Every structure is written in C-alpha cells, then in structure tokens.
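# A look at the structure
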2 protein chains.
Amino acid sequence: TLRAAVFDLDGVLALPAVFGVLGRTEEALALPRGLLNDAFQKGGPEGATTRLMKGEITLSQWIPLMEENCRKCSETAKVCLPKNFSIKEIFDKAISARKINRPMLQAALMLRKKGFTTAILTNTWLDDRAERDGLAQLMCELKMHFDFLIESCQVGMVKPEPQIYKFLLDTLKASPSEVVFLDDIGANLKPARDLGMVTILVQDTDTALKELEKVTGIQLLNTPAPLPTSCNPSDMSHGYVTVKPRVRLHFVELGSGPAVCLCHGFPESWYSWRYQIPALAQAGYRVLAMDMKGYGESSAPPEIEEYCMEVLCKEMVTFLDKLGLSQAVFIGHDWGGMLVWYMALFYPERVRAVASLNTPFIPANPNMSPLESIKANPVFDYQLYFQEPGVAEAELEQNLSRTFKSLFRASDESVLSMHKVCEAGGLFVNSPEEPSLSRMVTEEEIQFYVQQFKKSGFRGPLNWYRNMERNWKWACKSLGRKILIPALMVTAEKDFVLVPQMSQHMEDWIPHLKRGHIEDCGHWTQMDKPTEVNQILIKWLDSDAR
Amino acid sequence: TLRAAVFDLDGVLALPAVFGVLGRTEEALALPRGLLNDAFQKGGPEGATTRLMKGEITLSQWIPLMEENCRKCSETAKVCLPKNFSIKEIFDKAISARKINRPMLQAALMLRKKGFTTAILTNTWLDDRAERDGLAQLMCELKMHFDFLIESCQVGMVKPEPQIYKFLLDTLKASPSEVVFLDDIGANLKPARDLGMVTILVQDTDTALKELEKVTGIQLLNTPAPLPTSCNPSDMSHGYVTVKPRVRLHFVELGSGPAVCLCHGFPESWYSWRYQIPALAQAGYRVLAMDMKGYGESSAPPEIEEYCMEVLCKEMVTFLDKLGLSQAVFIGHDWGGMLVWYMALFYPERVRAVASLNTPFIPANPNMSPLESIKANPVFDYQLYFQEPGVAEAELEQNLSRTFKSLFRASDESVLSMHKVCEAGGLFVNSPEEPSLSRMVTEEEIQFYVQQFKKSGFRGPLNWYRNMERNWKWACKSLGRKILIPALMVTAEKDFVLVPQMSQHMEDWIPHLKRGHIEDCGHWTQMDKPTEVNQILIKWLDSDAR
Ligand SMILES: CC(C)(C)c1cc(Br)c(O)c(CNCCCc2ccccc2)c1
Ligand SMILES: CC(C)(C)c1cc(Br)c(O)c(CNCCCc2ccccc2)c1
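### Notes on the packing of helix α1 (residues 18-28) of chain A against helix α5 (residues 87-97) of chain A
All names here are of chain A. Close contact between α1 and α5 brings their axes to 10 Å; oriented N to C, the two are set at 130°. Judged on the interaxial angle alone, α5 and α1 are oblique. Viewed along their axes, α1 and α5 form a crossing whose handedness is right-handed. Residues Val18, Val21, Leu22 and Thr25 of α1 pack against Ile90, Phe91 and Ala94 of α5. The class makeup of the residues in the contact of α1 with α5 is six nonpolar, one polar and no charged.

### Section: the domain arrangement of chain A
All names here are of chain A. According to the domain assignment, chain A contains domain 1 (1-16 + 97-217), domain 2 (17-96) and domain 3 (236-546). Look at where the C-alpha atoms of domain 1 and domain 2 centre, and you get two points 24 Å apart. Listed by partner, the interface residues are 23 residues for domain 1 and 18 residues for domain 2. Across the interface of domain 1 and domain 2, roughly 1,800 Å² is buried in total on both sides, 57% from carbon and sulfur atoms. Three residues, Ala97, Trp125 and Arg129, lead the burial of domain 1 against domain 2; their summed loss comes to 34% of the area buried on that side. A salt bridge links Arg129 to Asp92; the nearest nitrogen and oxygen atoms lie 2.8 Å apart. Applying the counting criterion to the domain 1 and domain 2 interface returns 14 residue pairs in polar contact. Only β2 (14-15) and α8 (152-155) provide two or more residues apiece to the side of domain 1 that touches domain 2.

### Things to note about the relation of the copies chain B and chain A
Overlay of chain B on chain A (RMSD 0.0 Å): rotation 180°, translation along the axis 0.0 Å. In short, the pair behaves as if placed about a two-fold rotation axis. When C-alpha distances to the rotation axis are compared across chain B, the minimum falls at B:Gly239, with a value of 2.1 Å. Here 100% of the interface residues in chain B have copies in chain A that are interface residues too; the copies meet face to matching face.

### Quick word on the site of ligand 1
Residue and element names in this part refer to chain A. The environment of ligand 1 is made up of 15 residues, and the closest members are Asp334, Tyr382, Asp495, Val497 and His523. The side chain of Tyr382 places a nitrogen or oxygen atom 2.6 Å from a nitrogen atom of ligand 1. In this structure, an oxygen atom belonging to ligand 1 sits 2.8 Å away from a side-chain N or O atom of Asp495. A total of 570 Å² of accessible area belongs to ligand 1 in isolation, and the protein chains cover 91% of it. Broken down by secondary-structure element, the contributors of at least two residues to the shell around ligand 1 are α14 (335-346) and α16 (381-385). For the shell around ligand 1, the class distribution of residues is ten nonpolar, three polar and two charged.

Criteria and cut-off values
Residues numbered from 1 in each chain as written, not as in the entry; some residues may be left out. Chains lettered and ligands numbered in written order. Heavy atoms only, no water. Axes fitted to C-alpha atoms, helices over the stretch in contact; angles between N-to-C directions. Helix = DSSP H or I, 4+ residues; strand = E, 2+ residues; numbered from the N terminus. Parallel < 35°, antiparallel > 145°, perpendicular 65-115°, else oblique. Left-handed = near helix turned anticlockwise from the far one by under 90°. Contact = heavy atoms within 4.5 Å. Nonpolar A, V, L, I, M, F, W, Y, C, P; charged D, E, K, R; others polar. Domains from an automatic or database assignment. Buried area = accessible area lost by both parts, 1.4 Å probe. Salt bridge = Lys/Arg side-chain N within 4 Å of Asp/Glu carboxyl O. Polar contact = N/O pair within 3.5 Å; in protein donor to acceptor, adjacent residues only side chain to side chain. Least-squares fit on C-alpha atoms. Near = heavy atom within 4 Å. Areas by Shrake-Rupley, 256 points an atom, 1.4 Å probe, with all protein chains shown as cover.

So this is what it looks like as structure tokens:
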C-alpha cells in the first residue's frame, strides 16, 4: 500500500519549468531548435551542469561555463548568437517567473493530511546571484508543507543516478512499492520505476493529479476549498518581553517586513490568530501574535486595575519600546479591537495603521455612566454577570473543555443565548455538560486552549471587564479627537452582540475609515471565516499599511 | 544636594527648535516679524495650541486652526500670505530637520551614570501626520536613556501651568532644591524657579553645560569619548525556537529592518554583542543576537557530533525557516565567524551578506589531516588541549569567575600565553587565583557570564573543537566553490592567535571581499573596541547589505 509521495520541484511543484525557458528563448531569438538545451546538458555526467547540480560549484561560477558551451554549440551549428546574449538575464527572468503550482501543492497537502509522508526531491543549485532571495522565498514557502526536502547540491548526487533514489528511500524509511514519485522528466522517472516505485510523468497537472488520485484512492481533484495554513505551537518562535517588574508579555513571531501586532479577544490566545499568522507572514509582514495581559504565557496579576485600558495601552507602548519598534500596525478582535482603537486615539505616533474585527469604535458618552450604557442594551447583560469577582471565574473554570466547546461555535451551532444571563445565573446554565465539537475547531485545538487556561484561569481575562468607570473617565479625555491614521472596520453579519449596525456612526470620528464585511460569520471571526479574514486584511495592509 | 536632572525636548535635547522655524519661515517669505509665532500662540491658555499640547486635539486637527490664526494675524498686520502657504509643509520639514542634541544627551547620560534620576518634561502633541514615524523614532531613541518621559498631551497639563511642576516632583519623588531643570523658554523656567529648583536657561549648549557642571560638580564638558549604549539583559526581548526535538535556540531581538544574525565565539554569549545590539538596531536593522548551540539559554546536548559545522549550520537554516526569514545577514566572531563562512559556502541563498571578526576563511587542505594542520601552528596548541573530553571542562568549570576574568582581557593585560598549553597542563596554570578585573569589563558583566555558564558548563562549548575530522570532510566538498555574496573580513591587530596575516589569501576565494582593520585590538573585538566595530559594521551594512 502507498504511504509516501515524492514530488520534483521544476515542472511539478513550480511552474513554468526551466527546460521550457531555454526552448522559449531559442524561439524568441530564432536560434536553432535545441541549441540552448544542448549547451545546458553539454558533457553529460562530466559537464558543467552536473557539477552545479552536485554542489561542486555555485550558480554564479556556472554562468561563464554555460556561456562557453552556448558559443561551442553555435559554432558547430554554424550560427551566431545575438549581439547582447546573456545567460544571467535569461535565468534571472525564468527563476522570477517560476511560481508555486497551487493545485500540485494542494494535492501534496491533502496526501500529508491523510497520513502520507511527503517529500520534495530536486536537482537544484547553490544560488549566489544578487537576486537569490526570490528563490529562497519560494523554497521557504514550499518546504514547510513537506516532511523532507532533498536537494541534489546538498547531497552531492543527481537524478538519474541510482544512489539518489536509494538515499530517498533511506530518508523516507519506506520500501519502493510504498512510494509514488512524480516527475516531469521521463529519464529521471526511470530509476524510481526500475526500483518498483509508482511513477507519474507530469505533463499537465490535471492528468498527473487524476493518475495520483487513481493510484492513492484519495480525492485530490474537485475537492472543497481548503482552509488557510494553521500554526503548530511547538514550531513557532516564542518571544517574551518584561514591560514592568511583575509583568511579562508573550508573543509568537513570524515573517519579515512591517510589524503587525495581533491582539486577541476574550477569552482567547495568540492561537486565535493561527489561520492569519502564516498568511500575513507570507504576504510580506512581520507578525507578532500576542498573549494579551492575563492570558497564556503572559503575566496575569490579580488586581482589577492592572487591566484598565490606560495601563494595558501603556504596556503595549513599552512592549514596542523594548523590541525597538517605533511603530506596528495594530489589529484587534473583541477586547483586542477595543484596545487597538484606544492605541490609535492615545498613541497615534506608534500605530502605523489600525484594524478591528467586530468591535466598533463608539465614543464614550460623558452624560451617562458606563453601567447605565451597558444596562441600556439587552445583549450586553453578560457584562453585568462578569462584574462580581469570583462568580464568572467559578463557572468558567469548573470544566475548561466544556467552557471552550460551549463558547467556540459557528452562528448555526449556538448553545448560549446572551440575553438574561444574570437572571439565568450563568452563561452555561442551559448548555449541555458534554457539548458537541463545533465544525470550526478540532478536539486538539480545544485542548490547546484548555492547557493555556490551566495556568492563570479567568481572573485576569475577566478583569478586562471590571474597569468600566476607569476606562470611561480615560476615554472622555479623547472626546475632542478624531482617528485620522489608516483605519479598517471589519463587521461580522452574525455576531449577535457586536452587531454590524453598532459600527454605523464610525465615519463621524474616523472620516477616512475603510471597511470589510463578512457574511454568515459569527463572533469568532478568525476561525469562522479565516480565508475571508485573510483576504480583507492582506488587501488593506498592502494598500494602507505598506 | 542635587539628585535629579530634568530636560526639555525642543531646543534642549533636540535641535533646531520649532520656535526658530516659525521665525525662519517669516524671514524666508519676508512676512512681518513674529506673525507666525503670534498665530501659533493665539488665544494663549484658551487657544488652539494649548488644546493641542494638552492632548484635546491631534496635530492633524490643529493644522486648519493654525491656518485660520495665520490669516487673522495677516489681516490685522495688513499683509498677504504667499500663494502656496502651507502649515503642514512647514511643520513636516521642521520636525524632520530636528535631531538629537548629542552633547546634551551625553551630559544626561553622565548624570544618570553618576546616580541622578533623569527625566524629559515636554510640551508635545499627539502626532497623527502620515510622516509621524520620524518623530516616533526620535522619541524612542531619546526616551530609553531617561528614567521618565512626561508629555503634556498625555498628562493634560502644559508648562508654564503650576500643576505640571507639582506632577514632575511627585513622579521624581524629590523636593524642588534637589532638582536641576533645563529649558530654552524662560517663561517655562519661571515656575520651577518659583518652587526652588535650580534652573538653567538654554541658549547655546556649551554655556548650559558649563552651568550644569558648575551646579552638579560633575564633569560633563571635555569628557573622554563614551562607550556605545550597552544592553540590560532583563530589558531585552528574548526569543526561543525549537530547531529539532531536543534542541532549542535562544536569541535577543531588537529593532526593525533587514535581519542581522549575530554569532558569538568561544566561550561566549549573546551578551558579547551588548555594544553592537543597540547601535545596529538604531542604524535600521533587526538584530537577532544568538546564544549559539551549547551556550546560555540554548540547548546543550552532550554528544560531540551535535557540534559539527554541518549540523550547526543546518540548525541555523531551520532557525530562519521557523522565524519565517528567507535570509539574514550573518556576522560572526571566533567560532561564530567560522560558522558564518560555512553558511555563506553551503547556504548562499539564505545569507544576505556575511561578515567575520578575526576568523579568516582558509579552505580545507585535502592533502593534510586537520590534526596535522593544528600541530603545524604553535599558537593553535590550546586546540589540542581542548580535544580530550573532560580535561578542559574540569579546568574551565573549577572557578567560573576566575575563568572569565582570566580570559576577558585587553592585549596589554594578558595573563595567558597560548604556546605550550598541553605541556603546561592547562590554560590557567601560570595565571593568578584571583585575577584583576580587565578595563574592558565590569564585575557585574563578569557575573552575567558566570551565571550563564552555571546551566550547562563547558562540554557543549568545547565540543565545537571536537569535530575537526568531520568538519574537514564536509569543508572538502566546498573546495571548488567561491564566496561571491557580499563579504566583510575584520582583522584585529593584537589577536595573537587569529593574526591579521592569516587572512592574507582570502581574495583568492572571495574576490569581492571588503575589509576592516582595528588597531590595538585583541581577541575580544566587540568589547575591546566597540565604537570602531560599530563604525565598520554599520558602514558595510549600509553599503553592501541594505
Ligand atoms: C462572552 C462571549 C465571549 C460569549 C461573547 C459572545 C459574543 Br456573540 C460577543 O459578541 C462578545 C463580545 N464581547 C465584547 C467585549 C469587548 C467590548 C466591550 C464593550 C463594548 C464593545 C466591545 C462576547
Ligand atoms: C582559547 C581562547 C578563548 C583563550 C582564545 C584566545 C585567542 Br587570542 C584566540 O585567538 C582564540 C581563537 N579561537 C579560534 C576558534 C575558531 C577557529 C578554529 C580554527 C581556526 C580558526 C578559528 C581563542
């Protein structure tokens, strides 16, 4: 039975292929057919190209040898190469043009999801060109999705040499009949077949995937749209900053480019951004996904006043100071969204741009006590239940798995009504003891939140709600201001507490506000509709934040 | 007795002042004298500018109010403002032109070094202009050097209001006679004097500093050149990446821009880069200062083979992968310098540029065993002493304070001869029990290294030396290559083991190599000559690495 799938890079996982560019260049320059492909393969196992592919020489050392082979070939063919003929230019363009073959990667991702071991086996070179970063980026994006990456220039062997196939099997820890091997070069497929592997000659992707699904018995074509790439907590870079003596903030960090600081809601984690972290890093951003104060690996002091907006914002400014960042774009959800609006109002110099998911910006009413304002909207009743220290902690900490399974559900799966929470005597009083698992989360993902909340519980998280008066007095100092930095408001159709209509007057205070809207999306925006969140955020970052 | 020094920002810590730009603009445009300074202060305590300085409105909201005041003033003066008059343009230019007053900052740094509490007290605004980052950067650089930063727009009070002076004293926890207060505005100096503070009216910096040194009794003028800013370990962002099941790498991270990965030598720490970290971050780079495998907070497995160059390099590539970095510039010293050359030879696509301090690049000799090569140079005798597992560990771990105090000394302070180490029976056999403290290090800095080495000791660090044969076989695979990526070799005149002449043939293998050279510098380059290292590295980064 098959249990391993091996893919070539050029012409399989990445298109268009290099062999095609030599043929394309011959045609564009009206050179004899095959002239450049001949100079490229000149000397066969003893030639310049084999030396490059084995890692004996670098790509920049190889360029003049390929130039001399082209001259020899042209001399023999009794033709002249054009006036401004350049091997460097031809390869720079071809490498830059080559992009991931998305349906082929999707098929590899599905086989791996189904328990296959996956690998990339490639005849490649040591790239020292000034433009090498583009290729480094492609390989980075690709390699993360596979168990192994075997590069000819690192192992000192090349396809079709028999040794590289024995090396492949040793690394896979598999017998040949257990392996599918996909290649666009029939000659490089021959030794794998000779060993007894299943082989697929890739011309067009659709046919190759039909052969691959027929031989594996796994649906790979016509499949439902997959979710964005998620995060494995043990595979991330974890950062820690002391903002004051008893307060440390933890964050997960991925990517390069402008800093993007993700701020989660209640009762969440950095992990609530799992579907956004890889997508934003891939889009050219340096992502910093926080455990907000009171959560996960960040400090959770017990005092209510440690959680007022003024202090939380001051600490986030200190966080930037200690990291040596003059600015970050701030993106928040729920309580994180309320924080990012206040970061924009009090520290605009430090905020590159601001985005909120669900949480609208509503100026404080100086003529009404915040408790009166909460009482005025029936959907905010749960905030009154959260006031008394210890009451909601007892209910939320009683059974962690039940807490997260009851909370984290799509709009059509709800188990909690948020009206008359105080009257009912809790959030979960009419909820099952053993809730079903929402289609939004796996059992493993629920257990990650359970493990994180074992450290500090719900005191610090609930304390974010216990500073209504303090936050109202501080917010009133900002009433004459407008938010004039780049701003995005993302509404969720089916969030029945943070209703889209609550955001309706935001342009009065944020005149240049840009918007996004997600249909059939409940409160847990990032995990409910991750593809759409990623689309809205990347589009806005690229246009408004750099 | 004085124990606190307070500095204004505009016209004191940062020059040229804003008041000067309004006067300069009046003159350049031939407007009536004082017209713009009049419109700026219009309405006094009730005016637009006071509202801005108190944080009632932002800088972008203030712009049209200042425009209306300029029009009113011009109408009263019976003059016309020019055709393309713009308050936005005038302030963008002035803010951008304003730079840190380096001698004033140096004086604050010295008073703080001598035990004074220091603070910045400033009438400032909430900056929401599109070009706000420049000012955010200035404030970041400045604020790190002071105990407190009091901004009028954050406290809702302005100089010369009496309340802000009482607020200052409360934050300083000092009586007025204990405070020196420096301001360029005599009217803002008046309430501090009225309270009994020592006050200095800053016109030219030299006179202000003469008054400041006369009143404090501390030399501030004509002082020796200070060292670059160092790092406080508890103030840094600390990152952790698992590269494989039992291996985690720790690093300290500071700044934004291209990633710069600093790789220390034997037997060191991320902390060996303490003088480079702030300077490189300030120069526009994202610094990642590693604890190399076997050191500090990084994992230290016991096996010799975990420390061969091939594995150490593979792990550094995985480190980049997990952080989501396609490249980093790699800068190494000693064993770190040997590593970065190998990163350049085996992973050029991942190396933006490469620099080594002291460690030259010498290709492996395939016709001589590495042990024969070590035996051929008498200064390399200590490497033979390091071979036998446990021998050097016993000597180095016996008394940590003695180990680091004996090792870390300037060229004119040496206590260790490196010739006939095996014959002598150790590195410290002719060294004192209680070595004196080198002028390069403080007692506290020695204790940091002592604390770091308490975790894993010297087994992992010494294992970097125990892979001579393995490293030689791997290096031989690279003999046909050249290093063609941007490269810098920094030699140290007085490193008596890694002599500058050892680097003499490097251009044969690295044709485009750039160089730096430090006179009167021993082995501990970064701490021996930090100002000169910083100069050489920043110049090379800005020209060759981005
Ligand atoms: C209490 C839970 C987590 C179940 C919940 C469920 C829904 Br549906 C929801 O919309 C919110 C929103 N919490 C808002 C907190 C931040 C905030 C406070 C005051 C005003 C606006 C936003 C919370
Ligand atoms: C052993 C100590 C730390 C005292 C020392 C003192 C001096 Br002075 C010195 O120059 C070196 C250099 N160590 C070099 C290690 C890396 C390397 C190995 C082989 C060849 C070159 C460089 C080490």
